[PDB]
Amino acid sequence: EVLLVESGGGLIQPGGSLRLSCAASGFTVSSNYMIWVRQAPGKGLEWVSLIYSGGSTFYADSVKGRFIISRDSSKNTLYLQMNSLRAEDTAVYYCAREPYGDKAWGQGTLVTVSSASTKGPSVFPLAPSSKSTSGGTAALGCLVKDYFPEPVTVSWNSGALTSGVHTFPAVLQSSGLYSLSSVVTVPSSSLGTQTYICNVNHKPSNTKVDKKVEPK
């Protein structure tokens, strides 16, 4: 089975350089056509770069002279070297075996081009209501406030709880910091017997927070 795993994405200042890596399993990178494609947050797909089976390279005009596509056969890895980065380079970057051969796409790596600083979130309980209907449904959650940059991950009870969970898209506040809520609906009759803990991870700030949410 073919695996493509992108890494190297993160926060970088305008004018900086990053190298993305795409580690392949299940085909030989140096024998194949491959591309980089990017997707700005909430936007469509934009082709960035192409390398031929035999090594010829091609670039989108918007990255020409700034980006370099390359590969290392000993590590079976595809790279994208990104120089003179601009805010409009901010995107999830995907590698892919395209346009020829058995097609495969990676899961993407997020590049944020910004002069703003990393900031870990504060995590606050959204406590289940007192007047949770006796044999009915209660809602509870966590508010993950004031972080930069994206993303955060939220799990419940270390991944034991998935049913009825909604983790909302972050909003960008006028502060330039993100905020989101993660909620779950549970039987009201569970509140006395079951412990609910949200696990928040913000890798950019190396924050991990486990908040227990209980009736007040």
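The first residue of the sequence shown is number 1, and the count goes up from there.
Relative to its counterpart among 107-115 and 126-134, 126-134 has the higher mean temperature factor, C-alpha atoms as listed in the PDB entry. With 154-162 and 43-51 compared on mean CA B-factor from the PDB entry, the stretch scoring higher is 154-162. In the PDB entry, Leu20 places in the lowest third of its chain by CA B-factor. Ranked against the other modelled residues of its chain, the C-alpha B-factor of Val63 as given in the entry falls in the middle third.
Ranked against the other modelled residues of its chain, the C-alpha B-factor of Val200 as given in the entry falls in the middle third. Among all modelled residues in this chain, the alpha-carbon of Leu191 has a temperature factor (C-alpha) in the highest third. The PDB entry assigns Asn76 a C-alpha temperature factor belonging to the middle third of its chain's modelled residues.
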